[PDB]
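Here's a solo chain for you in structure tokens, the form deposited in one PDB entry.
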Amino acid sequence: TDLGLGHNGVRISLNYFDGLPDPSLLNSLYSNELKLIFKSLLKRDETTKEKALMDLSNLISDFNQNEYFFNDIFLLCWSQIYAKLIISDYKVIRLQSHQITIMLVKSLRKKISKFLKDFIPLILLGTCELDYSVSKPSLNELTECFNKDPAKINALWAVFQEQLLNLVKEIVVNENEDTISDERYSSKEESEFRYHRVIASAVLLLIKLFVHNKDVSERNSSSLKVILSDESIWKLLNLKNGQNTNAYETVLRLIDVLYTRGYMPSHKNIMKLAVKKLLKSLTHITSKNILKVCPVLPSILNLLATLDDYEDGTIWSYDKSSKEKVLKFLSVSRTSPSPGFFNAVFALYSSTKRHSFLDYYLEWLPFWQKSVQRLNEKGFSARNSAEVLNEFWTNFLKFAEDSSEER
């Protein structure tokens, strides 16, 4: 049987309809107080959950009196609902749930070693939550749980890399908008936003896994292929609305790491999947939303310059109208340039000229011309006027020195 995130006989999942504590297992709990606490956590009413978690948290803080209660039956049950609690919209529920688990690890050391495979990956997922109101306190209490040693934390990323990837796979491949949220009690927007948060956390977790493990690609090739071949991660490459750009930038970073490590060159199918979605997202940038998106444009351009190095600009062939997309993307983005922008544009020019992607005089030159025109009319009133203006001229002069052979 597929136990999902579970490694001790019971199924642990993030969805709402399975991986639930068996009614018999619950009745076998030590104290009648626990039975009610758990029955309270299996409901939907989130008000009574905050108290139930508070009560449970109190029983664990007073570990002296209460200890025989926190046995294997408790850990099996808790490990199942813990997974479902950390996807709640109420950040208090997610935070308290993490603290409880962290407290259990810190208190039942050795006695809980068997369950660490189930708890650590979810704790770390909490530290990867883009909301710092949850990810910072979680990481703090976690770091404190291990003698305040950040090296002991970095070890966790290596020890549990298999279970960490399995968690990613569960979020990305197996669950979706309609399994993380019950359509009967949740609107479409609610479901989307909820799933977005969870998968966004998974992408960051996935990135941290490459940071801490130099051989992750080779040691987990089959697991990574399943994760990255799915469409779900790459669907995050969306700048339309309503989400901010945090998740978007995180995927950019993932693509970069994957390319740098030489993973994507090894998996053309996955690279085609990511790039197609990346190129399509360029069309999401308009005058309507340029002011919300402009701080991530240097990242886009730099990534495209990097990818252009693959097989002499082969990535551009993944989209029949990639040239047109880039042109329209450049014309929009020059209206609201930010620091690093012109450095990135030149990076793209310097790389793509090797196969004459865009015309020097009919396409590149007017871009630079209209750019300085924009900078002169508005600035230098705006902030970072001097920095950006100087950045433009430094890069244009380098661009202009190629006008030699292009004549």
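Numbers follow the displayed sequence, beginning with 1.
- The deposited model assigns a higher average Cα B-factor to 372-380 than to the other stretch when 339-347 and 372-380 are compared.
- Taking only CA atoms, the mean B-factor in the PDB entry is higher for 98-106 than for the other of 299-307 and 98-106.
- Of all the options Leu165, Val173, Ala151, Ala158, the entry's greatest CA B-factor is assigned to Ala151.
- As recorded in the PDB entry, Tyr30 shows the highest C-alpha B-factor of the residues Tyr30, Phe357, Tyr361, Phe367.
- Split the chain's modelled residues into thirds by C-alpha temperature factor. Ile123 is in the lowest one.
- When all modelled residues of the chain are sorted by CA temperature factor, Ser24 is found within the highest third.
- Residue-level temperature factors show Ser385 in the highest third of its chain, judged at the C-alpha atom.
- Ranked within its chain, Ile112 lands in the highest third, by CA B factor from the PDB record.
- When all modelled residues of the chain are sorted by CA temperature factor, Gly262 is found within the lowest third.
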